[PDB]
RNA sequence: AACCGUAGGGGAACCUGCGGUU
RNA sequence: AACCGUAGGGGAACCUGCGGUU
């Protein structure tokens, strides 16, 4: 019964007069249907399928703009100055869409996704993390919206996915995001090794971080403290 | 930036060892 | 055998360093 669940997602977006809203990763149809019931301005569906895009021939309201490219490698700031990305995220490429969206932090203050409880709990921080989580929480706040049991989907799957809300909250200023990504990949590479091995000790000692500690024991402010030293000062 | 080659990261499909339940 | 847990095997997107070509 997607009826109920799809409404809750639009409700959470808070759509007003001058709102541009981009849907990512369709493949169902009814996603746009329920969104177009809200006071929109411009709506863009990003759908990978060349057959699904042709299903714009449902009602064909001239206030849409379906864009046939892929959501995981798209530049969002090409569209608008303040965007509200929404989308049910497929389990396989879910990571890439989130990485992709944060890159456009400047032109997207709010984003709401249907991911997967494990993928979501990882992103939150509380239950232990990966680099992608740190990348997100650097520029956004992840918020648990609601759980969805394996019945509200087309079939009943093996996972119980959850809805997440991402409100913009840049924690510390960062000039090059790719530079910053490369940094996190360098720290998270080979998780179980001591920090000292991965990064020059002269800088671990600089921060409050014990060099013989592990990358898991770190927490946001730790990641900031030493990055501000990495690109120098 | 794209694309070859190259070195890693990554971590889906599937495969198996052990344990719990039917 | 199936499902959950657990230890690996395996390695799809995709990212990155270096080199070449545009």
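Counting starts with 1 at the first residue shown.
Here the Cβ of each residue, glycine as well, is placed from N, Cα and C on the backbone.
Residues annotated as site 'Interaction with RNA' in Swiss-Prot: A:92, A:185, A:189, A:191.
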In whole Å, note down how far the CA of residue A:185 (site 'Interaction with RNA') lies from the CA of residue A:92 (site 'Interaction with RNA').
20
Work out how many Å separate residue A:191 (site 'Interaction with RNA') and residue A:185 (site 'Interaction with RNA') at their Cα atoms, rounded off.
10
Which one is it: of the recorded sites A:92, A:185, A:189, which Cβ has the fewest other Cβ atoms within 10 Å in this structure?
A:92
Take the Cβ of residue A:191 (site 'Interaction with RNA') and count every other Cβ within 10 Å, whichever protein chain it belongs to.
12
According to DSSP, collapsed to three classes, what secondary structure does residue A:185 (site 'Interaction with RNA') have?
helix
Please report the DSSP secondary structure of residue A:191 (site 'Interaction with RNA'), reduced to three states.
coil
